[PDB]
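K.L.:
Next up is a structure, given as structure tokens.
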Amino acid sequence: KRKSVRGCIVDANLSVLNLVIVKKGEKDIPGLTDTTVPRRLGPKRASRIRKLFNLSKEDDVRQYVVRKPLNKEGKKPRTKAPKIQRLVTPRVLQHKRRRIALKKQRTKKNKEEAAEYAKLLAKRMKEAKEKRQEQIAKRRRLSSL
Amino acid sequence: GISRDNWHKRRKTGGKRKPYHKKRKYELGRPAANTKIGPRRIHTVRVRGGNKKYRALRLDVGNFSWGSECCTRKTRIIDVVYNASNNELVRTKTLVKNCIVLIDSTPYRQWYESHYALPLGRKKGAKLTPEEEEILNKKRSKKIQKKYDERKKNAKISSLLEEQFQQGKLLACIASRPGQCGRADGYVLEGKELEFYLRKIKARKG
Amino acid sequence: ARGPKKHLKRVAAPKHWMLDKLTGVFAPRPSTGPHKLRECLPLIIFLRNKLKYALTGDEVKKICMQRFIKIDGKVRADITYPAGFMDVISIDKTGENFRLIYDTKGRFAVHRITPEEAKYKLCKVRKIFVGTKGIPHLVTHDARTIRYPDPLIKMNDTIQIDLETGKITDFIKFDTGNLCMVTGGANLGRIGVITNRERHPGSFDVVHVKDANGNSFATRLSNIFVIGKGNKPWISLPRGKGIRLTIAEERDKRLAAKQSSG
RNA sequence: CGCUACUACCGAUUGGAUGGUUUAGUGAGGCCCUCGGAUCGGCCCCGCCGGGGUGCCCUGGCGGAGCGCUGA
RNA sequence: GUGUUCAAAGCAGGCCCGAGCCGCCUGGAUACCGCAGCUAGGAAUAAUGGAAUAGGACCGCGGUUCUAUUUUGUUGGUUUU
RNA sequence: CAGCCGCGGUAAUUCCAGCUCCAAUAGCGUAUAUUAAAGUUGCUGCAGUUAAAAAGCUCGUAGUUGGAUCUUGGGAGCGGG
RNA sequence: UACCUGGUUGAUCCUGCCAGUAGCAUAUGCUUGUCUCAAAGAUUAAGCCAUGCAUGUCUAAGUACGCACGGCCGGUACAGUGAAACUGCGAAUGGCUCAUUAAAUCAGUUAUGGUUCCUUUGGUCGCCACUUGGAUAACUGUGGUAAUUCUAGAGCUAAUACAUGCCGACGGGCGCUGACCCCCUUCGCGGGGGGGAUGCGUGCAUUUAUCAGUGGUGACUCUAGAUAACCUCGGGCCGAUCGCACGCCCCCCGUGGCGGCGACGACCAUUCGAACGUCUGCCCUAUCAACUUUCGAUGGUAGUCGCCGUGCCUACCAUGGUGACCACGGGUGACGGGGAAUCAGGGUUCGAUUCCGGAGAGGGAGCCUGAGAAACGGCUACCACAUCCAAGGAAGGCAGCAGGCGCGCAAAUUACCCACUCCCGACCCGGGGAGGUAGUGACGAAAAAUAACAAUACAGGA
RNA sequence: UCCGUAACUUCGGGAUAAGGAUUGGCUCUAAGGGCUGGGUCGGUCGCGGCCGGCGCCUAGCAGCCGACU
Ligand SMILES: [Mg+2]
Ligand SMILES: [Mg+2]
Ligand SMILES: [Mg+2]
Ligand SMILES: [Mg+2]
Ligand SMILES: [Mg+2]
Ligand SMILES: [Mg+2]
Ligand SMILES: [Mg+2]
Ligand SMILES: [Mg+2]
Ligand SMILES: [Mg+2]
Ligand SMILES: [Mg+2]
Ligand SMILES: [Mg+2]
Ligand SMILES: [Mg+2]
Ligand SMILES: [Mg+2]
Ligand SMILES: [Mg+2]
Ligand SMILES: [Mg+2]
Ligand SMILES: [Mg+2]
Ligand SMILES: [Mg+2]
Ligand SMILES: [Mg+2]
Ligand SMILES: [Mg+2]
């Protein structure tokens with residue numbers, strides 16, 4: 001789509017600017033240096049958990065996960081847990097041993113079935129050779145009568 | 001768009017014919033690719049079926065075949081010398097199918113040395129003993145000697161091919177479609193086909 | 001025009017589905033499948049109109065997604081699945097096990113077989129070829145691909161499938177003196193003995209079939225289908241045995257049997 | 001021949017009005033190739049730090065730099 | 001073909017029966033579809049062809065050539081039937 | 001008034017009205033295209049002395065149309081009056 | 001039912017026309033009680049449109065820190081419903097109209113041994129691995145402009161989104177190098193042979209060149225095989241992938257798997273098709289007799305582009321191709337066909353109109369995404385028209401359902417429902433002015449009311 | 001230079017009708033010609049001088065020259 005915009009250069013003919021200060025010298029403006037919001041939510045995948053607390057893939061991850069307290073909800077200050085993705089568990093490992101043991105099959109099959117090759121076709125070749133005897137006979141009738 | 005349709009032309013009787021429908025999308029062309037020589041640069045194209053073509057635009061290396069003895073190798077394309085279809089493409093150095101070129105000769109030299117053990121390319125005294133004397137060894141005589149001696153009445157290379165090696169670079173032809181593929185493949189000239197194109201080049205000089 | 005179709009009208013339809021003109025505007029449009037569109041029988045038609053279990057189509061949906069019906073072993077929950085020919089339709093809850101074979105007039109009648117004999121089927125060969133590594137291959141007419149035939153199997157020949165893992169058994173050839181059944185044209189749903197193959201290089205080949213009662217007709221070879229080793233079919237057959245008794249004969253039969261057959 | 005009514009014909013005016021097919025110039029925009037490189041990142045070039053081992057580098061905390069090859 | 005209350009239409013419908021039959025019988029035909037195109041039979045009618053500066057046939061017979069595997073067991077090469 | 005022929009100029013079977021009758025009947029008139037009648041566009045199937053109509057006469061390419069003639073019987077296996 | 005009547009004259013017989021006669025389809029005039037079916041802005045303007053609807057979608061199985069409910073159970077991450085947002089699929093079907101268009105579309109008929117194909121079905125599926133990186137939505141909060149389905153800056157957070165990149169496997173097997181060694185023979189040479197360290201490569205599909213000739217055809221430069229190299233480069237492919245329930249077997253004291261699904265992938269075949277070709281067939285006009293061609297007309301040779309074959313395009317050559325058996329040019333109240341009316345037999349006329357195919361979305365042109373579009377209820381420009389406006393700028397396409405203006409001889413309700421038929425989707429659950437259902441309706445078609453009866457009389461009759 | 005050109009006519013013309021485009025420097029390509037040799041093998045003497053049949057570029061080669069468009 002076609003749309004109108006203004007360039008990057010600044011002059012008088014504006015209405016509003018957006019400015020981001022990068023460091024504070026000394027004075028601490030009250031509107032922007034006394035109060036502070038906390039980061040509303042925490043991480044959710046294991047790798048950023050271990051990045052934060054420096055846990056190093058020796059000890060678990062479940063015990064070191066942030067809990068959200070239920071302030072102002074009404075009555076009960078419950079507390080909740082996010083869910084973790086990219087985690088190792090009995091299910092993902094069960095899935096993996098299925099596929100891989102089934103993917104050593106599909107080549108152990110087709111090899112169990114190469115047994116069927118050797119069996120099915122490579123006996124039927126071995127069966128049609130005891131035949132062809134009508135043929136080598138029927139062209140012996142050509143050759144040497 | 002750039003179309004390829006055959007309803008914009010005249011009939012067999014030279015009678016006009018009118019556009020009973022407009023441009024479609026399945027009847028297209030695109031701009032030509034006109035591959036030249038230099039460092040590799042390829043652009044990729046999406047086409048009917050969701051498949052791919054590859055516009056090559058600049059190529060230097062190719063796979064070429066000395067077919068008498070069936071050895072393919074990878075070499076650097078030097079220059080373009082003749083083209084039957086048109087005579088401007090040589091001035092601008094475009095690679096299309098059945099263009100005649102010049103290439104390096106060192107790989108085919110090296111294989112021949114390693115195979116028949118003989119000095120391909122007569123140099124007076126400049127080339128006889130840096131390493132071809134080091135090539136000439138018969139460490140297990142009487143076991144490979146009969147072999148390499150049997151690989152003796154099987155070389156008999158032509159006079160004209162020798163002159164090319166002795167120069168440094170030799171003729172070839174192209175057999176692929178680069179704006180469709182992205183490759184330069186081809187073969188070496190030999191025999192009467194070689195005679196033919198030599199005559200054309202030399203006459204062009206006049 | 002600018003894409004493929006999704007609907008089908010109702011007076012556009014095949015003639016053997018027997019659709020009522022003054023009932024609606026559309027017909028079920030068999031979905032994509034191994035059998036053609038004209039020579040098939042979708043699941044709704046076999047089940048709502050013939051058997052008359054259900055009286056709507058929504059009812060058919062309510063029964064298919066219970067996983068009772070199953071086509072030729074492998075269950076199918078796509079209500080618009082295109083049934084074929086010589087196939088098997090096994091509910092097996094109440095032991096039905098249908099077979100889906102033509103009548104004499106070409107209408108895909110119902111044919112009940114036993115619990116046994118519902119565990120195989122027969123298939124015509126369409127082509128053969130060898131893939132990679134010299135591994136032969138074989139394609140039937142119902143889009144079912146099978147490696148490693150016996151090398152004494154050629155095109156337009158019949159095989160008996162055990163229906164669990166493919167596993168061909170009991171094959172037969174194309175030759176004079178063996179039964180045949182028709183699948184197209186005008187002599188549909190008739191049986192006979194082949195007796196000849198007149199062939200033309202560059203066109204369609206032809207057979208001159210003869211029925212036992214005396215009739216002798218001819219077809220294109222592609223509409224042919226083989227079921228017997230000579231007077232001996234390997235399957236249960238329907239009422240009529242592929243005859244096409246003429247209109248005057250039916251007139252005697254029914255009138256004479258009318259108010260005397262009861 | 002004279003009066004009366006109607007239809008068509010020629011007719012100066014380089015007549016006029018609708019359409020349509022095209023020549024020659026100017027030629028919006030999209031697409032292709034050749035360039036261009038606001039901007040946003042790393043191996044880093046080093047200097048300030050550690051852990052690990054063996055004085056070595058691989059990973060986690062500090063500042064600059066050829067605007068190199070990429071990555072866009 | 002079928003008493004839709006007849007008909008126009010439409011493809012349905014009918015049976016025994018305490019109603020038990022937890023069901024039974026059924027139907028959803030057939031024809032026409034000019035002209036070109038395909039397939040097999042018949043050969044009157046209409047058009048064309050064949051031997052005239054001669055040609056068909058005869059283990060036909062000589063002979064100048066290539067000569068593929070048949071025999072030369074496997075072999076090296078030639079004529080070899 | 002009247003599709004056409006025609007009615008009305010002091011006794012109107014035709015105008016304006018009333019009695020009476022006729023035809024179709026929940027339908028009937030009016031206008032305009034279009035079929036049959038049309039053997040008045042004619043292959044089936046017209047006409048061409050005088051009613052409309054055969055070039056002033058002759059030659060001539062494409063087109064259309066073209067003489068006679070080449071195996072007939074007598075038999076054979078049969079079924080009737 | 002293969003049919004006729006009046007009129008030229010003072011009378012007759014003939015040519016010959018004018019008028020009557022029966023149907024059918026559009027309009028109007030007069031009239032009207034029942035009931036079953038039932039067409040309807042085509043003809044003139046493919047002229048213009050206010051207002052309102054017609055395309056969206058969640059399973060046991062892609063992402064769940066909504067805190068909106070309240071499970072339950074604690075805190076070993078997450079029972080469970082679950083708005084919004086991200087992801088994948090559909091929006092190219094359907095519906096509407098007939099302006100164009102004259103061997104063109106189209107009907108039958110045959111070919112792709114000259115090509116593409118989402119989905120379905122079946123086959124094959126040989127030190128991120130006991131699991132790597134950062135990226136933004138939903139959310140929190142500061143705002144602009146009068147203006148819209150306009151958006152920015154700041155702080156966090158996920159994947160089957162976007163990237164990255166292992167293990168497994170036998171020196172097992174194959175081929176050409178071959179150090180070395182041996183046997184027999186040779187006076188040696190010759191020969192006649194064996195084992196053999198170290199090497200390089202070693203597939204599915206790609207590109208090319210050569211060699212011999214498992215399976216098939218009327219028809220192979222086919223399918224398969226062998227050798228040398230290449231990667232169509234990291235904007236080449238596959239070797240190799242994430243989720244849900246049921247519960248587990250273990251020479252066993254933690255491993256190897258199988259069982260049962262879903263999703264995706266590289267190649268082959270099928271299925272839905274699509275698109276380029278072959279043979280034959282069309283209305284009127286000669287006051288339309290020559291036409292086409294170095295501004296490709298007709299062939300050849302080489303290539304580019306193209307999913308493939310082809311003057312489809314480019315260079316170099318040749319001078320050809322059509323025509324009285326009607327080319328060429330022009331007209332059509334010309335979309336085509338299955339078919340409709342009339343009809344002794346033969347014919348004449350209509351066919352926009354519910355089925356198939358084609359074309360188009362105000363007139364023209366060019367494109368993105370996608371398997372598929374030169375889309376139009378997708379984008380961008382010029383022309384003609386046209387709505388807001390704070391005068392700076394923004395938004396548009398009823399030949400879709402109802403409705404309106406104009407136009408004219410001439411053509412219905414801003415109604416109810418997804419219950420039937422079918423379609424779409426992540427789906428037994430959601431949507432559908434496609435579709436059904438009532439309303440106006442003497443276009444038209446079928447049945448059928450508006451009196452029956454017995455005495456009183458006689459006009460009279462047998 | 002390349003296209004395109006009416007009325008009217010004593011059919012000769014009108015016609016340079018009217019009306020449009022292009023026009024440089026430099027680097028390249030293609031086409032357009034001439035003369036000479038082909039009588040060579042043996043016989044024969046001093047590169048040449050006589051003889052019988054050969055191959056004749058018999059589908060046009062090689063060599064050397066030259067100005068213009
Ligand atoms: Mg008429
Ligand atoms: Mg008649
Ligand atoms: Mg007449
Ligand atoms: Mg007659
Ligand atoms: Mg006369
Ligand atoms: Mg005759
Ligand atoms: Mg008179
Ligand atoms: Mg009349
Ligand atoms: Mg029209
Ligand atoms: Mg039509
Ligand atoms: Mg369109
Ligand atoms: Mg409009
Ligand atoms: Mg468009
Ligand atoms: Mg649309
Ligand atoms: Mg619209
Ligand atoms: Mg409307
Ligand atoms: Mg009306
Ligand atoms: Mg009626
Ligand atoms: Mg003048």
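Here's how to read the names in the structure tokens: chain A, B, ... by the order shown, residue numbers from 1 in each chain, ligand numbers from 1 in the order shown.
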Using DSSP on the backbone coordinates, identify the residues of region 38-215 of chain C assigned to helix (DSSP H, G or I); present them as a list in words.

P.N.:
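Matching residues, listed in order: residues 43, 44, 45, 46, 47, 48, 49, 50, 58, 59, 60, 61, 62, 63, 64, 132, 133 and 134 of chain C.
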
K.L.:
Taking only C-alpha atoms (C1' of nucleotides) and all ligand atoms into account, list the residues no farther than 12 Å from ligand 18, as a list in words.

P.N.:
residues 8 of chain E; 26 and 27 of chain F; 37, 38, 442, 443, 444, 445, 446, 447 and 448 of chain G

K.L.:
Could you give me the residues within 9 Å of ligand 6, counting only C-alpha atoms (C1' of nucleotides) and all ligand atoms, as a PyMOL selection string?

P.N.:
(chain E and resi 46) or (chain F and resi 66-68)

K.L.:
With N, CA, C and O atoms (P, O5', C5', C4', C3', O3' and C1' of nucleotides) retained, export the selected residues as a PDB file, in the first residue's frame.

P.N.:
ATOM      1  P     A E  46     -22.415 -48.194 -63.918  1.00  0.00           P
ATOM      2  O5'   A E  46     -21.486 -47.075 -63.280  1.00  0.00           O
ATOM      3  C5'   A E  46     -22.045 -45.820 -62.945  1.00  0.00           C
ATOM      4  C4'   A E  46     -21.065 -44.898 -62.261  1.00  0.00           C
ATOM      5  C3'   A E  46     -19.602 -45.039 -62.628  1.00  0.00           C
ATOM      6  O3'   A E  46     -19.284 -44.439 -63.868  1.00  0.00           O
ATOM      7  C1'   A E  46     -19.822 -44.773 -60.287  1.00  0.00           C
TER       8        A E  46
ATOM      9  P     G F  66     -23.520 -38.363 -64.943  1.00  0.00           P
ATOM     10  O5'   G F  66     -23.395 -38.588 -66.510  1.00  0.00           O
ATOM     11  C5'   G F  66     -22.580 -39.624 -67.018  1.00  0.00           C
ATOM     12  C4'   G F  66     -22.333 -39.487 -68.499  1.00  0.00           C
ATOM     13  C3'   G F  66     -21.325 -40.459 -69.087  1.00  0.00           C
ATOM     14  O3'   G F  66     -21.870 -41.737 -69.356  1.00  0.00           O
ATOM     15  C1'   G F  66     -20.812 -38.289 -69.817  1.00  0.00           C
ATOM     16  P     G F  67     -20.913 -42.934 -69.827  1.00  0.00           P
ATOM     17  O5'   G F  67     -21.328 -43.140 -71.339  1.00  0.00           O
ATOM     18  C5'   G F  67     -22.678 -42.960 -71.701  1.00  0.00           C
ATOM     19  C4'   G F  67     -23.050 -43.777 -72.901  1.00  0.00           C
ATOM     20  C3'   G F  67     -22.796 -45.268 -72.798  1.00  0.00           C
ATOM     21  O3'   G F  67     -23.814 -45.956 -72.098  1.00  0.00           O
ATOM     22  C1'   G F  67     -21.927 -44.467 -74.829  1.00  0.00           C
ATOM     23  P     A F  68     -23.428 -47.166 -71.123  1.00  0.00           P
ATOM     24  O5'   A F  68     -22.865 -48.257 -72.125  1.00  0.00           O
ATOM     25  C5'   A F  68     -23.710 -48.722 -73.156  1.00  0.00           C
ATOM     26  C4'   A F  68     -23.102 -49.824 -73.980  1.00  0.00           C
ATOM     27  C3'   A F  68     -22.310 -50.872 -73.238  1.00  0.00           C
ATOM     28  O3'   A F  68     -23.126 -51.790 -72.542  1.00  0.00           O
ATOM     29  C1'   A F  68     -21.181 -50.282 -75.218  1.00  0.00           C
TER      30        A F  68
END

K.L.:
Hey, what's within 10 Å of region 61-73 of chain E if we count only C-alpha atoms (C1' of nucleotides) and toss same-chain stuff fewer than 6 positions away? As a list in words, please?

P.N.:
residues 143 of chain A; 80 and 81 of chain E

K.L.:
Write the residues you've just listed into a file as a PDB file, in the first residue's frame, and include C-alpha atoms (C1' of nucleotides) for each of them.

P.N.:
ATOM      1  CA  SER A 143      19.717 -77.656 -31.775  1.00  0.00           C
TER       2      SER A 143
ATOM      3  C1'   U E  80      34.119 -71.361 -46.672  1.00  0.00           C
ATOM      4  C1'   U E  81      27.190 -74.635 -47.426  1.00  0.00           C
TER       5        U E  81
END

K.L.:
Define the interface residues of chain H facing chain B as those within 12 Å, counting only C-alpha atoms (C1' of nucleotides), and report them as a list in words.

P.N.:
residues 27, 28, 29 and 30 of chain H

K.L.:
Those residues you just picked out, can you put them in a file as a PDB file, in the first residue's frame with N, CA, C and O atoms (P, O5', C5', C4', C3', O3' and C1' of nucleotides)?

P.N.:
ATOM      1  P     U H  27      38.948   5.950 -33.768  1.00  0.00           P
ATOM      2  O5'   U H  27      38.184   4.715 -33.117  1.00  0.00           O
ATOM      3  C5'   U H  27      38.638   4.155 -31.902  1.00  0.00           C
ATOM      4  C4'   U H  27      37.885   2.909 -31.526  1.00  0.00           C
ATOM      5  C3'   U H  27      37.910   1.776 -32.525  1.00  0.00           C
ATOM      6  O3'   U H  27      39.114   1.036 -32.486  1.00  0.00           O
ATOM      7  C1'   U H  27      35.725   2.039 -31.675  1.00  0.00           C
ATOM      8  P     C H  28      39.464  -0.014 -33.647  1.00  0.00           P
ATOM      9  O5'   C H  28      38.345  -1.132 -33.504  1.00  0.00           O
ATOM     10  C5'   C H  28      37.471  -1.394 -34.585  1.00  0.00           C
ATOM     11  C4'   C H  28      36.393  -2.379 -34.235  1.00  0.00           C
ATOM     12  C3'   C H  28      35.946  -3.247 -35.388  1.00  0.00           C
ATOM     13  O3'   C H  28      36.798  -4.349 -35.620  1.00  0.00           O
ATOM     14  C1'   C H  28      34.054  -2.329 -34.375  1.00  0.00           C
ATOM     15  P     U H  29      36.869  -4.997 -37.083  1.00  0.00           P
ATOM     16  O5'   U H  29      35.380  -5.474 -37.359  1.00  0.00           O
ATOM     17  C5'   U H  29      34.860  -6.577 -36.646  1.00  0.00           C
ATOM     18  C4'   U H  29      33.441  -6.910 -37.040  1.00  0.00           C
ATOM     19  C3'   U H  29      33.214  -7.359 -38.470  1.00  0.00           C
ATOM     20  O3'   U H  29      33.573  -8.709 -38.690  1.00  0.00           O
ATOM     21  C1'   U H  29      31.572  -5.781 -37.881  1.00  0.00           C
ATOM     22  P     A H  30      33.972  -9.215 -40.161  1.00  0.00           P
ATOM     23  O5'   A H  30      32.654  -8.987 -41.015  1.00  0.00           O
ATOM     24  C5'   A H  30      31.547  -9.850 -40.850  1.00  0.00           C
ATOM     25  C4'   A H  30      30.441  -9.553 -41.830  1.00  0.00           C
ATOM     26  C3'   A H  30      30.826  -9.506 -43.294  1.00  0.00           C
ATOM     27  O3'   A H  30      30.977 -10.785 -43.876  1.00  0.00           O
ATOM     28  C1'   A H  30      29.429  -7.681 -42.799  1.00  0.00           C
TER      29        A H  30
END

K.L.:
Tell me as a PyMOL selection string which residues belonging to chain A come within 9 Å of chain G, counting only C-alpha atoms (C1' of nucleotides).

P.N.:
chain A and resi 1-2+15-20+37-45+61-63+65+67-68+70+73+79-89+93+97-98+101-104+106-107

K.L.:
Within 12 Å of region 16-19 of chain B, counting only C-alpha atoms (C1' of nucleotides), which residues qualify if same-chain residues fewer than 4 places away don't, as a ChimeraX atom specification?

P.N.:
/B:5-12,23-24 /G:100-105,291-292,297,328-329,359

K.L.:
Find the residues near ligand 3. Use a cut-off of 7 Å, count only C-alpha atoms (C1' of nucleotides) and all ligand atoms, and write them as a list in words.

P.N.:
residues 40, 46 and 47 of chain F

K.L.:
Ligand 13: which residues are within 8 Å, counting only C-alpha atoms (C1' of nucleotides) and all ligand atoms? Reply as a list in words.

P.N.:
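Every residue with an atom at most 8 Å from ligand 13 is listed here: residues 361, 374, 375 and 376 of chain G.
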
K.L.:
Kindly provide, as a list in words, all nucleotide and amino acid residues lying within 9 Å of ligand 5, counting only C-alpha atoms (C1' of nucleotides) and all ligand atoms.

P.N.:
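These are the residues that qualify: residues 50, 51, 52 and 53 of chain F.
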
K.L.:
Taking only C-alpha atoms (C1' of nucleotides) and all ligand atoms into account, list the residues no farther than 10 Å from ligand 7, as an MDAnalysis selection string.

P.N.:
chainID G and resid 7:10

K.L.:
How would you write, as a PDB file with C-alpha atoms (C1' of nucleotides), in the first residue's frame, the set of residues no farther than 7 Å from ligand 10 when counting only C-alpha atoms (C1' of nucleotides) and all ligand atoms?

P.N.:
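Saved file pocket20.pdb follows:
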ATOM      1  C1'   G G 336     -21.968 -20.875 -28.602  1.00  0.00           C
ATOM      2  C1'   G G 351     -32.482 -19.683 -28.588  1.00  0.00           C
ATOM      3  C1'   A G 352     -29.955 -13.365 -22.851  1.00  0.00           C
TER       4        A G 352
END

K.L.:
Would you name the residues within 9 Å of ligand 1, counting only C-alpha atoms (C1' of nucleotides) and all ligand atoms, and put them as a list in words?

P.N.:
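Written in the requested form, the residues are residues 34, 35, 36 and 38 of chain F; 348 of chain G.
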
K.L.:
Could you pull the residues within 10 Å of residue 30 (chain D), counting only C-alpha atoms (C1' of nucleotides), minus those fewer than 2 positions along the same chain, as a VMD selection string?

P.N.:
chain G and resid 365 to 367 380 to 381

K.L.:
Could I get the residue neighbourhood of ligand 12 at 9 Å, counting only C-alpha atoms (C1' of nucleotides) and all ligand atoms, as a PyMOL selection string?

P.N.:
chain G and resi 46-48+362+397-399

K.L.:
Give as a list in words every residue of chain G that touches chain C within 7 Å, counting only C-alpha atoms (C1' of nucleotides).

P.N.:
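Result: residues 92, 93, 120, 121, 122, 123, 214, 215, 218, 223, 224, 270, 271, 272, 273, 355, 372, 373, 421, 422 and 428 of chain G.
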
K.L.:
Give me a file of those residues, with C-alpha atoms (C1' of nucleotides), as a PDB file, in the first residue's frame.

P.N.:
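Output contents, as saved in result.pdb:
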ATOM      1  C1'   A G  92      -9.179 -18.466  -7.577  1.00  0.00           C
ATOM      2  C1'   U G  93     -15.497 -22.004  -5.546  1.00  0.00           C
ATOM      3  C1'   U G 120      -7.095 -37.720  -1.208  1.00  0.00           C
ATOM      4  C1'   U G 121      -5.044 -43.060  -1.703  1.00  0.00           C
ATOM      5  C1'   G G 122      -0.638 -46.239  -1.691  1.00  0.00           C
ATOM      6  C1'   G G 123       4.568 -46.577  -1.476  1.00  0.00           C
ATOM      7  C1'   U G 214      16.553 -56.174 -15.934  1.00  0.00           C
ATOM      8  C1'   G G 215      11.164 -54.541 -18.110  1.00  0.00           C
ATOM      9  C1'   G G 218       4.064 -50.003 -32.837  1.00  0.00           C
ATOM     10  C1'   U G 223      12.869 -47.534 -17.712  1.00  0.00           C
ATOM     11  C1'   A G 224      16.999 -49.833 -15.284  1.00  0.00           C
ATOM     12  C1'   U G 270      -3.012 -42.317  -8.860  1.00  0.00           C
ATOM     13  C1'   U G 271      -7.253 -38.567  -8.408  1.00  0.00           C
ATOM     14  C1'   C G 272      -9.354 -33.487  -9.372  1.00  0.00           C
ATOM     15  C1'   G G 273      -8.066 -31.076 -13.319  1.00  0.00           C
ATOM     16  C1'   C G 355     -27.294 -27.783 -17.673  1.00  0.00           C
ATOM     17  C1'   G G 372      -3.522 -22.444  -8.655  1.00  0.00           C
ATOM     18  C1'   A G 373      -5.298 -15.085 -10.182  1.00  0.00           C
ATOM     19  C1'   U G 421     -29.529 -29.646  -0.052  1.00  0.00           C
ATOM     20  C1'   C G 422     -24.402 -28.861  -0.156  1.00  0.00           C
ATOM     21  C1'   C G 428     -19.566 -34.842  15.497  1.00  0.00           C
TER      22        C G 428
END

K.L.:
Near region 33-50 of chain H, counting only C-alpha atoms (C1' of nucleotides), which residues have an atom at most 12 Å away, once you skip same-chain residues fewer than 6 positions from it, shown as a PyMOL selection string?

P.N.:
chain H and resi 56-58+60-68

K.L.:
Using only C-alpha atoms (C1' of nucleotides) and all ligand atoms, which protein or nucleic acid residues are at most 10 Å from ligand 17, as a PyMOL selection string?

P.N.:
chain G and resi 26-28+40+410-411+441+443
